[PDB]
Structures are given as structure tokens and as C-alpha cells.
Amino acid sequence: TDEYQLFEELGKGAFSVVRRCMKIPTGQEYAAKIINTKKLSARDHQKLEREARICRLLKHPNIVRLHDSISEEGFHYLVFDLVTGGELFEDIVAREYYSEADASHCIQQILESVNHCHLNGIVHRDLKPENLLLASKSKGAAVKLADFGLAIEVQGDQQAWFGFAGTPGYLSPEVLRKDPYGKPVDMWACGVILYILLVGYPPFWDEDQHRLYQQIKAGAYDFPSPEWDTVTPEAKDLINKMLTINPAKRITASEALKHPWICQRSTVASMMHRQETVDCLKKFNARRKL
């Protein structure tokens, strides 16, 4: 607290807040994720050091950029370069024109961030809309993957039981079966996110969490009419490759970047405005706040 001035709250985590801050000598603005100590558990300092270590490692145009890590008695401070564009999903629902080409561009940037994690031995484990930020429209509006509080370090392509973590709507079948897992769990979540980007509601849902899990473990998603009839088959195909329940057969981020809907978007992705997706996304966002 000797070096930064804190300003307004930007968002909330389970045991954290993110506030805009300024380094008092330089006048430079940043964002500080401030992790509280309400909950104390066995390996606290190992978890905090891991999050900082993973954040220090990852330097990519589509990943948040760590500046400093500061340990205090009651709080821990992870200081990042500030991005001012807000959450991706809140940006989309404010658009007046939003098409498959726009979803494809978003997913491509997400895929670049996820591929960069995996090449560096990092599994994020908590890919979800609220962890996707935006650089300012004045700065190019690059998608920024954020919050590595749940992320793990893996040795190459070796897989193991790394614990139960993540967000229910985005959990992978291998995690719900308590099977060993790894990098593919992020491509599963990427597939859930892509589905929502196209029609504005999730592929797996039930107010009963037990039935939600049963649906994920079955991998039983579909493309109902009429809203999916206007979606290109190539977009559906990419979802199919990400949402296969055998993680061995799931497309990797490096492969997904070569999918025609991603890398030939001007000729493969539809340019039709999807106003129903905007309408449903607004509801989707509002429910997740409550």
C-alpha cells in the first residue's frame, strides 16, 4: 500500500476483488487483483505463489500481463496491465451488428490464448465468459484471457487427476467422471463458449445440478430449430470437434486454429446479423449476475 493508490472496483472473484490502481511515483494505471484471507487452507502460500508464477510466465497479446506480485498479511496483490474494454460478453450484447464472423474472430483470439497456455504447460481449468476481457476499442479490442487462480502446470502431454475445479456449466466429462485429465478440458470449455457465442444460451443446462452433470457426462447437446438452421455447418462442425466426450479425440487448440470456420472466416463464416443471439445473451448475462 506504500506504492499504489486504489480506485474503483472493476469486478469480483470468489475471494477477490479487482480494482483499478495507480503506481504513485510513475502515475501509471494498472489493475490489482486483491485476494482476501477469509478462507484459510493447508497449501495457501503454494496456491498464491503458483498463480503468480503462472501469470509471470504468460506473455501473449491475448493474455493479461502481470506487472507485480505483493504479499501482505491480510491480502495478496497481483498487479496487471490495465485493460479498459470490459467483459467480452458485455461488449457483444451492446453490439447492433453481430454475426458468425464476429463469433469466429472472438473464438480465434480465445484459441490463441489457450494454445499459448498449453505450449507453456499451463491448463487454465476455468475458461468461461467472465474470464474473457477486452482491450479498449481505442487500442484494437483484443480479447484477453484472465484469472489463472485455478490454473495448473503440466509436464508435456501427461495427464493426471489434478482435483475437482472449474465452473459447473463448463466442466468436462473427464473431470466429472473423476478421470485423469489435462489440456483437453480447456477445449471442452472453449466449445461451450463457442456454442453460447452463436445462439446466446448454453449447450448443457438444468436448474438441478445433478441433471446438468448427467447431461455433460452423456455429451448430449444439440442444435435446435429454428435458430441453428441459419448457422453454417462449418461452425457446427467445429463445436462437434470440441465437445466430444473422449478427450483423446477432441480437437486441440492448435488444430482448431486451422479449422476453416476460423482461418477462412471471410468465405466460411456467415455475415448475417443474429439478433436473437443478442437477445438471449442479454438474458444469459443477467441470470449469471444473480
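Don't overthink the numbering: it's just position in the shown sequence, from 1.
With reference to the PDB entry, specify whether the mean Cα temperature factor is higher for 44 to 52 or for 255 to 263.
According to the PDB entry, the answer is 44 to 52.
Where do the C-alpha atoms have the higher mean temperature factor in this entry, in 236 to 244 or in 221 to 229?
Here the higher of the two C-alpha B-factor means belongs to 221 to 229.
Among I34, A31, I70, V64, where is the Cα temperature factor highest, going by the PDB entry?
Reading the PDB entry, the winner on C-alpha B-factor is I70.
By the record's CA B-factor, is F204 among the lowest, middle or highest third of residues in the chain?
For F204, whose C-alpha B-factor we compare with every modelled residue in the chain, the answer is the middle third.
Please place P129 in the lowest, middle or highest third of its chain according to the CA B-factor in the PDB entry.
Within its chain, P129 is a middle-third residue by C-alpha B-factor, going by the deposited values.
Report the third (lowest, middle or highest) to which the CA temperature factor of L78 belongs, ranking only the modelled residues of the same chain.
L78: CA B-factor falls in the highest third of its chain.
Lowest, middle or highest third of the chain for the C-alpha temperature factor of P180?
Its C-alpha B-factor belongs to the highest third of this chain's values.
Check where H210 lands among this chain's C-alpha B-factors and tell me if it's the lowest, middle or highest third.
Lowest third.
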